[PDB]
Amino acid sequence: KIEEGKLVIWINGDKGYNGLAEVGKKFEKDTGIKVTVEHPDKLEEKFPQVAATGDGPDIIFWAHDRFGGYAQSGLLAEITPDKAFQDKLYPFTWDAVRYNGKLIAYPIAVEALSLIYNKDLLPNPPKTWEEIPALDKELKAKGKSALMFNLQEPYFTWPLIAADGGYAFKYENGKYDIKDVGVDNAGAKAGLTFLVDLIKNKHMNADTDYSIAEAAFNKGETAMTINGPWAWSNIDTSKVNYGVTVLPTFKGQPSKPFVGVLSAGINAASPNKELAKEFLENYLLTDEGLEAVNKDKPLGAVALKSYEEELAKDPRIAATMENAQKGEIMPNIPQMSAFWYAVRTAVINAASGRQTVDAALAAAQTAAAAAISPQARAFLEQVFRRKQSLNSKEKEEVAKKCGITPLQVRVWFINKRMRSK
């Protein structure tokens, strides 16, 4: 589908989509072409599902880590800005959206998590994770808690897991080794054990999610939280007097948040590629365009040099970049999705007691390193249960929705049907 003559954009609900729509209005006013902005739930999972059949938005916004998978599946159109335009954004942001030699998206913002604390409840935030238990005990005696953050998404817990040595994929020569995962090494175990101990010792609740953590902090119930710039807006309206700073250290090591580059990709099936290019290059990626988005929900640090250097005057932005500096820009390779799913499961199981820390991370390593991820395998079985044979078109479709190779799909089905007698 995807109607030619207009632009449909998808951006996560925690971002300034209303601000983005304002940029869209400007675009429509100048060009006459309508821009509709939508914020579907689980949009990063839905995109492959719809784009696999040539449908979906013309433009998709998400951190660069999901884009290598999309590009590998041929769901993203190559972008080719002139050197003049590329010079307007930091070289490392273009690097983040380069896959197999091709730029596959326009960098927008550089996202990194930071420690957010209530200045009135804690004028001096802890420098180490180790201090949190004792700090929490004190606050509890006052009917308050020390720390609350989303424990359901590995994005928020990864900074601690990686602090003492945990890593996603090993960067050997000049590439990531998809078979060398570091979610089960000494550093990862130490990090996760500390997190589980916090929950075990009633310093945090295993079911605390994004909404719960945000409500408690903006209510003055907890002294600290971990989140990104997009959340500053709601805190401002809460009147809570907060500060944004470097994340606590662990075992004397800095927390290492995975840094994401919020980027805009163009659907390979879009019949509005030139219009998408014009919108992104001439309207959004301008000081005026980004400011409009920022006004709705803070983008944090950005890729556009001219705007980043103005934002740099803001201490919350310096804090964001300081944390970004301590962590690392995440890989954009296809396997990142399996990685995230693996850590998500491990943290949830370790925190609930379904698995010991060692058992949880052992399974995480296997899951993240698997040639066919558990998610992909599950999808394959669902399809197989309905049809044990697929033609070329169907195989291509399944692969795209799957985030796996067409040959992988083909051989899996063959192996699945093999018999001996």
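In case it trips you up, residue 1 is the first one in the sequence shown, and so on.
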{"property": "Mean temperature factor over C-alpha atoms, higher-scoring stretch between 311-319 and 117-125", "result": "117-125"}
{"property": "Residue stretch of maximal mean CA temperature factor, 86-94 vs 198-206", "result": "198-206"}
{"property": "Most elevated Cα B-factor in the entry, residues 294, 282, 241, 332", "result": "241"}
{"property": "Highest-ranked of 144, 256, 179, 305 once sorted by CA temperature factor in the record", "result": "144"}
{"property": "Third assignment of residue 345 from its chain's C-alpha B-factors", "result": "middle"}
{"property": "CA B-factor ranking of residue 396, expressed as a third of its chain", "result": "highest"}
{"property": "CA B-factor placement of residue 377, once the chain's modelled residues are sorted into thirds", "result": "lowest"}
{"property": "Chain-relative CA temperature factor third for residue 11", "result": "lowest"}
{"property": "Residue 288 - Cα temperature factor, lowest/middle/highest third of chain", "result": "middle"}
